[PDB]
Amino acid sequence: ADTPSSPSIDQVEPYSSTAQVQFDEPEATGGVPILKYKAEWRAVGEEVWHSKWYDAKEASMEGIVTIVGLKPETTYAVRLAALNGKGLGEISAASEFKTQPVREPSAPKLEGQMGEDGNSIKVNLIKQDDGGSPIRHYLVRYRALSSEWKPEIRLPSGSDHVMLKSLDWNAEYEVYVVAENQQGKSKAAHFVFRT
């Protein structure tokens, strides 16, 4: 039983302040299952590594790990390692990538939560890459699948959620949320649920 060999980076898909890393697991687990992945990254030139741990089962199902806290139009070096019952294995070779220039924000992530009533719902906003400049506000569109769209809801950048009230009981609804900054509007995140 030994620590895993090094995983290898397939490709990196960077945005403005974050990057998506696709990788292949180590060819030798070492005897015991891979528990976590550790990513190290820093701007080319810097001498201090930034790091983040990622759950292995999650990385396998998602198919990637996302690095955050980067700056626009900047060249970065990233590397990975795997942790098993024995410890951290060999670090991979570093892969270099350049983040996108300042642009429209990425789609935000939506997380449902029980609202004030059964015919209600709290849609939490899991903030995503803002594109390099502060998001100015969130645009929200929603409707019951059976009827017409409700007027658009505008939320300030500070908002951590959006509340949809007075909904029909046990009916299906769909929600779209757009994050907009100075550069433009992001793609729409869509969320479907049943009250």
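Sequential numbering from 1, following the sequence displayed.
The mean Cα B-factor in the deposited entry runs higher for 30-38 than for the other of 30-38 and 66-74.
Looking at mean Cα B-factors across 12-20 and 168-176, the upper value is held by 168-176. Within the group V48, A56, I153, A43, the record's highest C-alpha temperature factor is found at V48. Annotation for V123: C-alpha temperature factor in the lowest third relative to the rest of the modelled chain, per the entry. When all modelled residues of the chain are sorted by CA temperature factor, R141 is found within the lowest third. For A1, the recorded CA B-factor ranks within the highest third of the chain. Only modelled residues enter the ranking. The deposited CA B-factor of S92 belongs to the middle third of values across its chain. In the PDB entry, a CA B factor belonging to the lowest third of its chain's modelled residues is recorded for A188.
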